[PDB]
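> If it helps, the file is called upload10.pdb and holds PDB, C-alpha atoms:
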```pdb
ATOM      1  CA  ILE G  50       0.296 254.462 127.572  1.00  0.00           C
ATOM      2  CA  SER G  51      -1.833 253.606 124.575  1.00  0.00           C
ATOM      3  CA  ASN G  52      -4.195 256.454 125.269  1.00  0.00           C
ATOM      4  CA  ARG G  53      -1.154 258.690 125.067  1.00  0.00           C
ATOM      5  CA  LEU G  54      -0.117 256.950 121.871  1.00  0.00           C
ATOM      6  CA  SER G  55      -3.498 257.382 120.204  1.00  0.00           C
ATOM      7  CA  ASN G  56      -3.354 260.983 121.403  1.00  0.00           C
ATOM      8  CA  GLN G  57      -0.036 261.426 119.628  1.00  0.00           C
ATOM      9  CA  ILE G  58      -0.883 259.477 116.478  1.00  0.00           C
ATOM     10  CA  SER G  59      -4.202 260.932 115.423  1.00  0.00           C
ATOM     11  CA  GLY G  60      -3.132 264.391 116.505  1.00  0.00           C
ATOM     12  CA  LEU G  61      -0.116 264.100 114.243  1.00  0.00           C
ATOM     13  CA  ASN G  62      -2.237 262.878 111.352  1.00  0.00           C
ATOM     14  CA  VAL G  63      -4.257 266.080 111.577  1.00  0.00           C
ATOM     15  CA  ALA G  64      -1.051 268.076 111.853  1.00  0.00           C
ATOM     16  CA  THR G  65       0.228 266.281 108.767  1.00  0.00           C
ATOM     17  CA  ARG G  66      -2.842 267.455 106.897  1.00  0.00           C
ATOM     18  CA  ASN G  67      -2.485 271.006 108.120  1.00  0.00           C
ATOM     19  CA  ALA G  68       1.077 270.844 106.826  1.00  0.00           C
ATOM     20  CA  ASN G  69      -0.065 269.516 103.450  1.00  0.00           C
ATOM     21  CA  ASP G  70      -2.512 272.376 103.017  1.00  0.00           C
ATOM     22  CA  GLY G  71       0.377 274.648 103.918  1.00  0.00           C
ATOM     23  CA  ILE G  72       2.485 273.043 101.196  1.00  0.00           C
ATOM     24  CA  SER G  73      -0.280 273.878  98.764  1.00  0.00           C
ATOM     25  CA  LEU G  74      -0.483 277.447 100.025  1.00  0.00           C
ATOM     26  CA  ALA G  75       3.216 278.043  99.485  1.00  0.00           C
ATOM     27  CA  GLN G  76       2.887 276.347  96.108  1.00  0.00           C
ATOM     28  CA  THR G  77       0.210 278.781  94.907  1.00  0.00           C
ATOM     29  CA  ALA G  78       2.277 281.663  96.241  1.00  0.00           C
ATOM     30  CA  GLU G  79       5.232 280.328  94.291  1.00  0.00           C
ATOM     31  CA  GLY G  80       3.231 280.258  91.064  1.00  0.00           C
ATOM     32  CA  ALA G  81       2.149 283.860  91.564  1.00  0.00           C
ATOM     33  CA  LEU G  82       5.757 284.878  92.056  1.00  0.00           C
ATOM     34  CA  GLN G  83       6.996 282.932  89.007  1.00  0.00           C
ATOM     35  CA  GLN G  84       4.694 285.043  86.943  1.00  0.00           C
ATOM     36  CA  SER G  85       5.689 288.230  88.696  1.00  0.00           C
ATOM     37  CA  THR G  86       9.150 287.293  87.453  1.00  0.00           C
ATOM     38  CA  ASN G  87       7.939 286.842  83.900  1.00  0.00           C
ATOM     39  CA  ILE G  88       6.566 290.356  84.092  1.00  0.00           C
ATOM     40  CA  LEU G  89       9.742 291.804  85.575  1.00  0.00           C
ATOM     41  CA  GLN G  90      11.709 290.013  82.881  1.00  0.00           C
ATOM     42  CA  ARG G  91       9.468 291.890  80.477  1.00  0.00           C
ATOM     43  CA  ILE G  92      10.060 295.124  82.372  1.00  0.00           C
ATOM     44  CA  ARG G  93      13.777 294.952  81.699  1.00  0.00           C
ATOM     45  CA  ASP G  94      12.880 293.980  78.134  1.00  0.00           C
ATOM     46  CA  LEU G  95      10.858 297.190  77.898  1.00  0.00           C
ATOM     47  CA  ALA G  96      13.318 299.405  79.733  1.00  0.00           C
ATOM     48  CA  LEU G  97      15.998 298.336  77.279  1.00  0.00           C
ATOM     49  CA  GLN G  98      13.571 298.774  74.411  1.00  0.00           C
TER
ATOM     50  CA  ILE B  50     -20.509 226.628 166.355  1.00  0.00           C
ATOM     51  CA  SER B  51     -22.712 225.872 163.385  1.00  0.00           C
ATOM     52  CA  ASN B  52     -24.987 228.769 164.163  1.00  0.00           C
ATOM     53  CA  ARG B  53     -21.893 230.930 163.939  1.00  0.00           C
ATOM     54  CA  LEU B  54     -20.959 229.211 160.699  1.00  0.00           C
ATOM     55  CA  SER B  55     -24.357 229.754 159.101  1.00  0.00           C
ATOM     56  CA  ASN B  56     -24.097 233.332 160.348  1.00  0.00           C
ATOM     57  CA  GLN B  57     -20.801 233.717 158.521  1.00  0.00           C
ATOM     58  CA  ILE B  58     -21.754 231.838 155.359  1.00  0.00           C
ATOM     59  CA  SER B  59     -25.053 233.393 154.386  1.00  0.00           C
ATOM     60  CA  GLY B  60     -23.875 236.807 155.498  1.00  0.00           C
ATOM     61  CA  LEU B  61     -20.908 236.472 153.177  1.00  0.00           C
ATOM     62  CA  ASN B  62     -23.112 235.349 150.307  1.00  0.00           C
ATOM     63  CA  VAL B  63     -25.043 238.597 150.616  1.00  0.00           C
ATOM     64  CA  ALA B  64     -21.782 240.506 150.862  1.00  0.00           C
ATOM     65  CA  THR B  65     -20.605 238.726 147.729  1.00  0.00           C
ATOM     66  CA  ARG B  66     -23.677 240.006 145.931  1.00  0.00           C
ATOM     67  CA  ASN B  67     -23.206 243.528 147.200  1.00  0.00           C
ATOM     68  CA  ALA B  68     -19.673 243.294 145.839  1.00  0.00           C
ATOM     69  CA  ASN B  69     -20.909 242.046 142.465  1.00  0.00           C
ATOM     70  CA  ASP B  70     -23.288 244.974 142.118  1.00  0.00           C
ATOM     71  CA  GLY B  71     -20.326 247.158 142.999  1.00  0.00           C
ATOM     72  CA  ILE B  72     -18.308 245.540 140.216  1.00  0.00           C
ATOM     73  CA  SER B  73     -21.094 246.482 137.848  1.00  0.00           C
ATOM     74  CA  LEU B  74     -21.182 250.036 139.163  1.00  0.00           C
ATOM     75  CA  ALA B  75     -17.479 250.545 138.565  1.00  0.00           C
ATOM     76  CA  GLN B  76     -17.912 248.909 135.170  1.00  0.00           C
ATOM     77  CA  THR B  77     -20.546 251.428 134.054  1.00  0.00           C
ATOM     78  CA  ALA B  78     -18.381 254.236 135.391  1.00  0.00           C
ATOM     79  CA  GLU B  79     -15.496 252.854 133.368  1.00  0.00           C
ATOM     80  CA  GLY B  80     -17.557 252.884 130.178  1.00  0.00           C
ATOM     81  CA  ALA B  81     -18.536 256.505 130.749  1.00  0.00           C
ATOM     82  CA  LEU B  82     -14.895 257.423 131.191  1.00  0.00           C
ATOM     83  CA  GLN B  83     -13.761 255.491 128.091  1.00  0.00           C
ATOM     84  CA  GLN B  84     -16.043 257.691 126.101  1.00  0.00           C
ATOM     85  CA  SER B  85     -14.935 260.825 127.882  1.00  0.00           C
ATOM     86  CA  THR B  86     -11.522 259.818 126.562  1.00  0.00           C
ATOM     87  CA  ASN B  87     -12.807 259.452 123.025  1.00  0.00           C
ATOM     88  CA  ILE B  88     -14.085 262.996 123.294  1.00  0.00           C
ATOM     89  CA  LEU B  89     -10.847 264.340 124.739  1.00  0.00           C
ATOM     90  CA  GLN B  90      -8.976 262.540 121.984  1.00  0.00           C
ATOM     91  CA  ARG B  91     -11.210 264.510 119.649  1.00  0.00           C
ATOM     92  CA  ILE B  92     -10.499 267.698 121.579  1.00  0.00           C
ATOM     93  CA  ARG B  93      -6.801 267.441 120.836  1.00  0.00           C
ATOM     94  CA  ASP B  94      -7.787 266.546 117.275  1.00  0.00           C
ATOM     95  CA  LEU B  95      -9.728 269.810 117.122  1.00  0.00           C
ATOM     96  CA  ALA B  96      -7.179 271.933 118.944  1.00  0.00           C
ATOM     97  CA  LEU B  97      -4.572 270.832 116.426  1.00  0.00           C
ATOM     98  CA  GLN B  98      -7.038 271.375 113.609  1.00  0.00           C
TER
END
```
Please express what this file holds, its structure, as structure tokens.


Amino acid sequence: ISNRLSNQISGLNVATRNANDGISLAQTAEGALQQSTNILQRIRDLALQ
Amino acid sequence: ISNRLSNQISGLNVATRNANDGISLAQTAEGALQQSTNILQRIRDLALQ
């Protein structure tokens, strides 16, 4: 049973870390998009200008 | 009767020793397998990685 538990536990610690790197990925993507939106905000600013 | 008893006794002392060496055999086998399990634990660690 314990061998199955250690299987589960340390496997899920790695999977936690894979998830955390994923969180960071989506974070960087989000930043890029925020700034795409600043541009597009400017594009309406310029279209109206 | 005693000759049969000495037959039994010293024969069974040898058989005891054969059994003890067997205990050691299965012990060494067990150690090898323990460490196979450490590897396989790592293999799930790496598959999840």

> Can you list, as number ranges by chain, the residues that the PyMOL selection byres ((chain B) within 8 of (chain G)) selects here?

B: 90, 93-94, 97-98

> Can I have chain B aligned to chain G? Use a least-squares fit on all Cα atoms paired in order and write it out as a JSON list (two decimals) with C-alpha atoms, in the frame of the given file.


```json
[["chain", "number", "residue", "atom", "x", "y", "z"],
["B", 50, "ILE", "CA", 0.30, 254.46, 127.57],
["B", 51, "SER", "CA", -1.83, 253.61, 124.57],
["B", 52, "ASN", "CA", -4.20, 256.45, 125.27],
["B", 53, "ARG", "CA", -1.15, 258.69, 125.07],
["B", 54, "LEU", "CA", -0.12, 256.95, 121.87],
["B", 55, "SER", "CA", -3.50, 257.38, 120.20],
["B", 56, "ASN", "CA", -3.35, 260.98, 121.40],
["B", 57, "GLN", "CA", -0.04, 261.43, 119.63],
["B", 58, "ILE", "CA", -0.88, 259.48, 116.48],
["B", 59, "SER", "CA", -4.20, 260.93, 115.42],
["B", 60, "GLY", "CA", -3.13, 264.39, 116.51],
["B", 61, "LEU", "CA", -0.12, 264.10, 114.24],
["B", 62, "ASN", "CA", -2.24, 262.88, 111.35],
["B", 63, "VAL", "CA", -4.26, 266.08, 111.58],
["B", 64, "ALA", "CA", -1.05, 268.08, 111.85],
["B", 65, "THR", "CA", 0.23, 266.28, 108.77],
["B", 66, "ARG", "CA", -2.84, 267.46, 106.90],
["B", 67, "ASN", "CA", -2.49, 271.01, 108.12],
["B", 68, "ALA", "CA", 1.08, 270.84, 106.83],
["B", 69, "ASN", "CA", -0.07, 269.52, 103.45],
["B", 70, "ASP", "CA", -2.51, 272.38, 103.02],
["B", 71, "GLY", "CA", 0.38, 274.65, 103.92],
["B", 72, "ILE", "CA", 2.49, 273.04, 101.20],
["B", 73, "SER", "CA", -0.28, 273.88, 98.76],
["B", 74, "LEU", "CA", -0.48, 277.45, 100.02],
["B", 75, "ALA", "CA", 3.22, 278.04, 99.49],
["B", 76, "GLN", "CA", 2.89, 276.35, 96.11],
["B", 77, "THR", "CA", 0.21, 278.78, 94.91],
["B", 78, "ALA", "CA", 2.28, 281.66, 96.24],
["B", 79, "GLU", "CA", 5.23, 280.33, 94.29],
["B", 80, "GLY", "CA", 3.23, 280.26, 91.06],
["B", 81, "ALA", "CA", 2.15, 283.86, 91.56],
["B", 82, "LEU", "CA", 5.76, 284.88, 92.06],
["B", 83, "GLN", "CA", 7.00, 282.93, 89.01],
["B", 84, "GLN", "CA", 4.69, 285.04, 86.94],
["B", 85, "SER", "CA", 5.69, 288.23, 88.70],
["B", 86, "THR", "CA", 9.15, 287.29, 87.45],
["B", 87, "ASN", "CA", 7.94, 286.84, 83.90],
["B", 88, "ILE", "CA", 6.57, 290.36, 84.09],
["B", 89, "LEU", "CA", 9.74, 291.80, 85.57],
["B", 90, "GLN", "CA", 11.71, 290.01, 82.88],
["B", 91, "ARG", "CA", 9.47, 291.89, 80.48],
["B", 92, "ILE", "CA", 10.06, 295.12, 82.37],
["B", 93, "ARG", "CA", 13.78, 294.95, 81.70],
["B", 94, "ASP", "CA", 12.88, 293.98, 78.13],
["B", 95, "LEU", "CA", 10.86, 297.19, 77.90],
["B", 96, "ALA", "CA", 13.32, 299.40, 79.73],
["B", 97, "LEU", "CA", 16.00, 298.34, 77.28],
["B", 98, "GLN", "CA", 13.57, 298.77, 74.41]]
```

> Give, as JSON, the centre coordinates and the x, y and z edge lengths in Å to one decimal for an axis-aligned box around all listed atoms of region 66-83 of chain G, padded by 5 Å on each side.


```
{"center_x": 2.1, "center_y": 276.2, "center_z": 98.6, "size_x": 19.8, "size_y": 27.4, "size_z": 29.1}
```

> CA of residue 71 (chain G) and CA of residue 95 (chain B), how far apart in Å?

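Distance reported for this atom pair: 17.3 Å.
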
> What does the distance from CA of residue 91 (chain G) to CA of residue 73 (chain G) come to in Å, to one decimal?

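Separation of CA of residue 91 (chain G) and CA of residue 73 (chain G): 27.5 Å.
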
> Would you fill out region 76-93 of chain G with N, CA, C and O atoms and return it as a compact mmCIF listing (two decimals), in the frame of the given file?


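Below is the file that was written, rebuild-v4.txt:
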```txt
# COMPACT_ATOMS: atom_id res chain seq x y z
N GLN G 76 2.81 276.65 97.53
CA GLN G 76 2.89 276.35 96.11
C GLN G 76 2.19 277.43 95.29
O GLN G 76 2.77 277.96 94.34
N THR G 77 0.94 277.76 95.65
CA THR G 77 0.21 278.78 94.91
C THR G 77 0.93 280.12 94.95
O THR G 77 1.02 280.82 93.93
N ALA G 78 1.46 280.47 96.12
CA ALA G 78 2.28 281.66 96.24
C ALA G 78 3.44 281.62 95.27
O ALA G 78 3.74 282.61 94.59
N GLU G 79 4.10 280.46 95.18
CA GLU G 79 5.23 280.33 94.29
C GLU G 79 4.82 280.59 92.85
O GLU G 79 5.50 281.34 92.14
N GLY G 80 3.71 280.00 92.42
CA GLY G 80 3.23 280.26 91.06
C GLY G 80 3.03 281.73 90.78
O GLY G 80 3.49 282.26 89.76
N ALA G 81 2.36 282.43 91.71
CA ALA G 81 2.15 283.86 91.56
C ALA G 81 3.47 284.59 91.39
O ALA G 81 3.61 285.47 90.53
N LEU G 82 4.48 284.20 92.16
CA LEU G 82 5.76 284.88 92.06
C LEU G 82 6.48 284.56 90.76
O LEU G 82 7.08 285.46 90.18
N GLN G 83 6.44 283.30 90.31
CA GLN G 83 7.00 282.93 89.01
C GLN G 83 6.54 283.90 87.95
O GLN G 83 7.32 284.41 87.14
N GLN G 84 5.26 284.23 87.99
CA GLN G 84 4.69 285.04 86.94
C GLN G 84 4.97 286.52 87.17
O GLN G 84 5.10 287.27 86.20
N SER G 85 5.10 286.93 88.43
CA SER G 85 5.69 288.23 88.70
C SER G 85 7.05 288.34 88.03
O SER G 85 7.39 289.38 87.47
N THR G 86 7.82 287.25 88.04
CA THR G 86 9.15 287.29 87.45
C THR G 86 9.09 287.34 85.94
O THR G 86 9.96 287.95 85.31
N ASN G 87 8.10 286.69 85.34
CA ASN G 87 7.94 286.84 83.90
C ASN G 87 7.67 288.29 83.55
O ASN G 87 8.22 288.82 82.58
N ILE G 88 6.82 288.95 84.34
CA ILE G 88 6.57 290.36 84.09
C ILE G 88 7.86 291.14 84.22
O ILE G 88 8.24 291.87 83.31
N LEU G 89 8.56 290.98 85.34
CA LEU G 89 9.74 291.80 85.58
C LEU G 89 10.81 291.56 84.52
O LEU G 89 11.51 292.49 84.10
N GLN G 90 10.92 290.31 84.07
CA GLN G 90 11.71 290.01 82.88
C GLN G 90 11.27 290.90 81.72
O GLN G 90 12.09 291.52 81.04
N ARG G 91 9.95 291.02 81.53
CA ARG G 91 9.47 291.89 80.48
C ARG G 91 9.76 293.35 80.79
O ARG G 91 9.92 294.16 79.87
N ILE G 92 9.84 293.72 82.06
CA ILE G 92 10.06 295.12 82.37
C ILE G 92 11.48 295.52 82.01
O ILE G 92 11.71 296.64 81.54
N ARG G 93 12.45 294.63 82.21
CA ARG G 93 13.78 294.95 81.70
C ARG G 93 13.77 294.94 80.18
O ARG G 93 14.43 295.77 79.54
```
